[PDB]
There are 2 protein chains.
Amino acid sequence: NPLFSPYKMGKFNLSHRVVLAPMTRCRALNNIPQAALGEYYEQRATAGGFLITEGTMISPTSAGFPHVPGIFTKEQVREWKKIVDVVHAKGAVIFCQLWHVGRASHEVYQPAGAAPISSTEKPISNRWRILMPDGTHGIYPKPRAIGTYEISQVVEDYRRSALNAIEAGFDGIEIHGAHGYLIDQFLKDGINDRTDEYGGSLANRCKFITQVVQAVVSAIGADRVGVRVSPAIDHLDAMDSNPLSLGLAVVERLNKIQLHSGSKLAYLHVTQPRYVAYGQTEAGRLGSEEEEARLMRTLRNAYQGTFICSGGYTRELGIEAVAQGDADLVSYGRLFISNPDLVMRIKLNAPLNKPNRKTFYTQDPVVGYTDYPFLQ
Amino acid sequence: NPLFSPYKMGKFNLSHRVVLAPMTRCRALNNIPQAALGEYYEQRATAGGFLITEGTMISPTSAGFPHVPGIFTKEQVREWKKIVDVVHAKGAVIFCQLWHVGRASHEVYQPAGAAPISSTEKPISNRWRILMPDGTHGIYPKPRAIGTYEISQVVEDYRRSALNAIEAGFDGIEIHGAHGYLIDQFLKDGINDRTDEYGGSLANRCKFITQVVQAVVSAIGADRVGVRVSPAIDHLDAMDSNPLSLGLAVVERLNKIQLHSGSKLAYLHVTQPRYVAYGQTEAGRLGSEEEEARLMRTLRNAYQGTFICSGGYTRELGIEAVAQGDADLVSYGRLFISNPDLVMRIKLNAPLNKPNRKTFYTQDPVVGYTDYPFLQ
Ligand SMILES: Cc1cc2nc3c(=O)[nH]c(=O)nc-3n(C[C@H](O)[C@H](O)[C@H](O)COP(=O)(O)O)c2cc1C
Ligand SMILES: Cc1cc2nc3c(=O)[nH]c(=O)nc-3n(C[C@H](O)[C@H](O)[C@H](O)COP(=O)(O)O)c2cc1C
C-alpha cells in the first residue's frame with residue numbers, strides 16, 4: 001500500500017501518507033480554542049501522522065464563519081498550546097492554517113462594522129451565502145478595495161500570527177491561499193480588477209501571496225511554512241482566465257523564495273478542482289477531466305519540494321495518486337470528519353462511517369464532532 | 001405528486017409532466033437513424049408521455065458531432081418513420097428537435113472540409129473542445145459569416161426539415177435555439193458582432209430566431225412547433241451582457257408570432273444554468289439558487305403558453321417546479337439516459353441508476369444505450 005510507505009517531509013519522518021486536511025468546524029466558541037478541539041484532534045492523531053488545523057484567524061477582522069479559532073491574542077495561544085500538546089503526546093506533526101477570508105465576511109463578523117477588505121470592490125455574487133451565527137444563511141456585503149499601504153498591515157498580521165503559532169508549539173503554519181479567500185482574491189483575475197502594482201499582469205497578481213510567504217519565512221524559517229492554493233476552483237466567484245499560467249507563476253515564485261532562503265518550504269498543498277460544471281450541456285465536459293489532470297501534474301513537476309493533493313480523494317484515488325507519482329501526501333477532509341481512525345481504517349480497508357453534513361458547522365463539542373465511532 | 005397531474009399541451013392530453021429532454025447520443029451511424037434508436041426511444045416512451053428527440057440535422061452543414069441523425073433526406077425520413085411508429089404504439093407524443101450547430105463544428109464534419117457557418121467570423125475559444133470521429137477532442141476553427149441571402153437559405157432548411165418531420169409522423173418539431181449553437185450565435189451579444197439588420201440591437205439579434213420560427217409555423221402550424229432557448233447558459237462562449245433582457249426580448253417575439261398567427265406554439269422550453277454545490281469546499285453547500293429561479297420564473301410569467309423547464313432537475317425539484325407554478329412540464333436528460341423507466345421510478349420514488357458519461361457519445365447500439373436496467 002503506497003499510502004503506508006514512509007515519507008520524509010523536511011525534518012518530519014512521517015509513517016504514512018494520509019493527512020488530516022484543514023477543516024472549519026465552528027467549535028471554537030467565541031474564537032478561543034476549546035477542550036473539545038483537543039479531543040477531536042487527539043482522536044485523529046497517529047504515530048508519524050500529519051495534521052493540519054482548521055483555518056485560524058490572523059486578526060479580529062479576518063473571519064467569515066462563527067466560532068472559528070484565532071491565534072492573534074495571547075489567550076488564544078495559551079489554549080492552542082494545550083491542544084498541540086495532546087497531539088504531540090500521540091507522536092503526530094501538526095501545522096496551524098492561517099486564514100483570512102477577505103470579502104467573504106459579514107457585518108456580524110466585523111467588530112468595527114467596517115466593510116470586509118479585498119483586492120476589489122466587487123461583492124461575491126448572489127448565488128453564494130455565508131453561515132450566520134444562528135445557523136441561517138446570509139448575504140455577502142460589498143467589500144472595500146484596500147490601498148497599497150494597507151497591504152503591508154495585513155502581511156504583518158500573518159507574520160505575528162505565524163510567530164504566535166510557533167509560541168503555541170505548532171510544528172509549522174500553512175498559508176490558506178486558496179478557495180477564493182483573501183489571498184486568492186488577489187491571485188485570480190476574475191476577482192482582481194486593480195490597476196496598481198498588485199493588479200494586472202500575472203507577476204503583479206502574485207505579489208501579495210509572495211509577500212505573505214516571505215514574511216512568515218523570514219519570521220519562522222522556510223521549513224516551518226506550508227502553502228495552500230487552488231488555481232482552478234469554483235468557489236466564491238474565484239475564476240482565472242488561465243489557471244495553468246497562474247499556478248506556474250505561484251510555483252515559480254515559491255521556488256525562488258526557496259532558492260534565496262536556502263531552505264525548502266514544508267510543502268505545496270493544492271486542491272483538486274474536480275470540475276463538474278456544464279454537465280447538462282452537449283459539449284461542456286469534453287476534455288475537462290484531462291485538462292484537470294494536466295494542471296495538477298504540471299504544477300507537481302514544476303514545484304521543487306513536497307506536494308500534497310486534496311479534494312474528493314478516496315482510499316482508491318489516494319493509492320493511485322501516490323503510486324503514479326502525482327503527489328507525496330494526500331489530505332482527506334470529509335472522510336476524516338466521520339472516521340477518527342481513518343488512517344487505521346484505510347490500512348485495514350475497513351468500512352468507513354458516513355459523514356453527517358448537518359453537523360459539520362454546529363457548535364456542539366460532542367455531537368457530530370467527537371462521537372463518530374472507532375473500529376470496534 | 002404534482003408531476004403526475006395530467007397536463008393539456010395544445011391538443012395533446014399528457015398523463016404526466018416528466019419529459020424526455022433532447023439528447024445527442026451519436027448512434028445514428030452516418031447520419032441515418034438506426035434500429036437502436038427505435039429500441040432506445042421505445043424503452044423510454046410511456047402512455048401519455050412526451051419525448052423530444054436528440055438534435056437532428058437540417059442540412060449537410062448543420063452537424064458538429066459524429067453520427068447524429070438528419071431529417072433532410074428522404075432516406076432519413078423513412079428510417080425516422082419506424083422509430084415514430086414504435087413510440088406512438090406505446091401511446092407517447094414525440095417531437096423532433098431541429099439542430100444547426102453553426103460555428104460549433106469542424107472541417108471533418110463539413111462537406112468538402114468547408115468552414116462552418118455562423119453570424120460571425122469569431123471562433124469558439126480554446127476553453128471548449130469538439131468531439132472528433134475517432135473519440136479524441138479537437139479545436140473549433142474560424143467560421144464563415146453568412147449574408148442575408150444565405151440566412152434565408154438556412155431558414156428554408158429549417159422549413160424543409162420541419163415538413164420532413166411531419167411526413168415521418170412526428171407530432172411536431174422543436175427549434176434548438178440554445179446552448180451557443182447557430183441561433184444562439186445570432187441571439188447572444190457576446191457572439192454577434194454584425195452591423196447589418198441581424199446585429200446590434202435586441203430587435204436585430206432576435207431577427208434570425210423570429211425568421212426561423214415564422215417559417216416553420218407557416219409550414220406546419222404553430223401548434224406543432226416548440227422553441228428551446230437558454231439566455232443564461234454561456235456554453236461555447238455564448239454569453240450575453242444582459243441575459244434576462246435577452247430572454248424577455250425573445251419571449252416578446254414569440255408572443256407576437258402567436259398573436260399574428262392566431263394560435264399558440266406547442267411550448268417554450270428553457271434550460272437553466274445549474275451550479276453543482278461542491279462538498280469539498282468551505283461554502284459550497286451554502287449556495288442559493290434563488291437568482292436563477294427568479295430568472296426562469298420571470299421568463300415563464302412573460303410567455304403566453306406552455307413552459308418546459310430543464311437543467312439539473314431531480315424528482316424533488318421537478319415536483320416543486322410544478323407545485324409552485326414555475327413550469328408546466330419538466331424535462332430530464334442525464335437521469336433519462338440511465339433510467340429507461342424514469343417516469344415509473346419517479347412515480348414510485350424508487351432508486352435511480354447512475355449515468356456513465358463515458359458512453360454518452362459512443363457508437364455501440366447497446367452498450368451504454370439500451371442496456372441500462374429497468375426496475376426489477
Ligand atoms: C466542512 C469542511 C470544512 C473545511 N474547512 C477548510 C478550511 O478551513 N481551510 C481549507 O483550506 N480547506 C477547508 N476545507 C477543504 C478541505 O481542507 C479539503 O480540501 C476537502 O475536504 C478535501 O476533499 P474531501 O472532503 O473529499 O476529502 C473544508 C472542507 C469541509 C468539508
Ligand atoms: C449527453 C447529452 C446530450 C444532449 N444533447 C442535447 C441536444 O442534442 N439538444 C439539446 O437541446 N440539448 C441537449 N442536451 C441538454 C439536455 O437536453 C438537457 O437540457 C439537460 O440534459 C437537462 O439537465 P439534466 O441532465 O440534469 O436533466 C444534452 C445533454 C446531455 C447530457
# chains A, B, ... in the order shown; residues from 1 in each chain; ligands from 1

call {"tool": "residues_near_ligand", "arguments": {"ligand": "ligand 1", "cutoff": "7 Å", "atoms": "only C-alpha atoms and all ligand atoms", "output": "number ranges by chain"}}
result
A: 21-25, 54-55, 176, 178, 228, 271, 310-313, 331-335, 360-361; B: 279-282

call {"tool": "interface_residues", "arguments": {"of": "chain B", "to": "chain A", "cutoff": "7 Å", "atoms": "only C-alpha atoms", "output": "tab-separated table (two decimals) with C-alpha atoms, in the first residue's frame"}}
result
chain	number	residue	atom	x	y	z
B	129	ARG	CA	-13.50	21.20	-27.31
B	130	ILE	CA	-15.32	19.37	-30.10
B	137	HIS	CA	-11.13	16.18	-28.72
B	235	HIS	CA	-21.80	27.12	-23.18
B	275	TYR	CA	-24.34	25.16	-10.29
B	276	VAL	CA	-23.19	22.00	-8.55
B	280	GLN	CA	-15.16	19.68	-0.81
B	284	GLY	CA	-20.09	25.13	-1.49
B	286	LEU	CA	-24.29	27.17	1.49
B	287	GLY	CA	-25.22	28.27	-2.03
B	288	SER	CA	-28.51	29.74	-3.22
B	289	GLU	CA	-30.36	29.12	-6.48
B	291	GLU	CA	-31.47	34.28	-8.57
B	311	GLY	CA	-31.28	21.71	-16.43
B	312	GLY	CA	-30.30	19.75	-13.33

call {"tool": "residues_around", "arguments": {"residues": "segment 211-217 of chain B", "least_positions_apart": "3", "cutoff": "6 Å", "atoms": "only C-alpha atoms", "output": "number ranges by chain"}}
result
B: 155, 159, 208, 220-222

call {"tool": "residues_around", "arguments": {"residues": "residue 315 of chain B", "least_positions_apart": "5", "cutoff": "12 Å", "atoms": "only C-alpha atoms", "output": "ChimeraX atom specification"}}
result
/B:1-4,17-18,320-322,330-332,335-336,342-352

call {"tool": "select_by_dssp", "arguments": {"residues": "segment 8-150 of chain A", "states": "helix (DSSP H, G or I)", "output": "ChimeraX atom specification"}}
result
/A:29-31,35-44,74-89,107-109,148-150

call {"tool": "residues_around", "arguments": {"residues": "residue 101 of chain B", "least_positions_apart": "4", "cutoff": "8 Å", "atoms": "only C-alpha atoms", "output": "number ranges by chain"}}
result
B: 62-64, 105, 181-182

call {"tool": "write_last_selection", "arguments": {"atoms": "C-alpha atoms", "output": "PDB file, in the first residue's frame"}}
result
ATOM      1  CA  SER B  62     -25.561  21.530 -39.654  1.00  0.00           C
ATOM      2  CA  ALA B  63     -23.597  18.897 -37.662  1.00  0.00           C
ATOM      3  CA  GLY B  64     -20.785  19.238 -35.123  1.00  0.00           C
ATOM      4  CA  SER B 105     -18.325  22.310 -35.963  1.00  0.00           C
ATOM      5  CA  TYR B 181     -25.387  26.798 -31.455  1.00  0.00           C
ATOM      6  CA  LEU B 182     -26.369  28.628 -34.678  1.00  0.00           C
TER       7      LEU B 182
END

call {"tool": "select_by_dssp", "arguments": {"residues": "segment 176-333 of chain B", "states": "strand (DSSP E)", "output": "PyMOL selection string"}}
result
chain B and resi 176+225-229+267-271+307-310+329-332

call {"tool": "residues_around", "arguments": {"residues": "residue 145 of chain B", "least_positions_apart": "5", "cutoff": "9 Å", "atoms": "only C-alpha atoms", "output": "ChimeraX atom specification"}}
result
/B:116-122

call {"tool": "write_last_selection", "arguments": {"atoms": "C-alpha atoms", "output": "PDB file, in the first residue's frame"}}
result
ATOM      1  CA  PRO B 116     -18.587  26.086 -40.514  1.00  0.00           C
ATOM      2  CA  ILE B 117     -21.098  28.936 -40.954  1.00  0.00           C
ATOM      3  CA  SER B 118     -22.137  31.475 -38.318  1.00  0.00           C
ATOM      4  CA  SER B 119     -23.271  35.027 -37.598  1.00  0.00           C
ATOM      5  CA  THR B 120     -19.600  35.953 -37.101  1.00  0.00           C
ATOM      6  CA  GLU B 121     -16.019  35.061 -38.140  1.00  0.00           C
ATOM      7  CA  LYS B 122     -15.076  34.725 -34.454  1.00  0.00           C
TER       8      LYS B 122
END
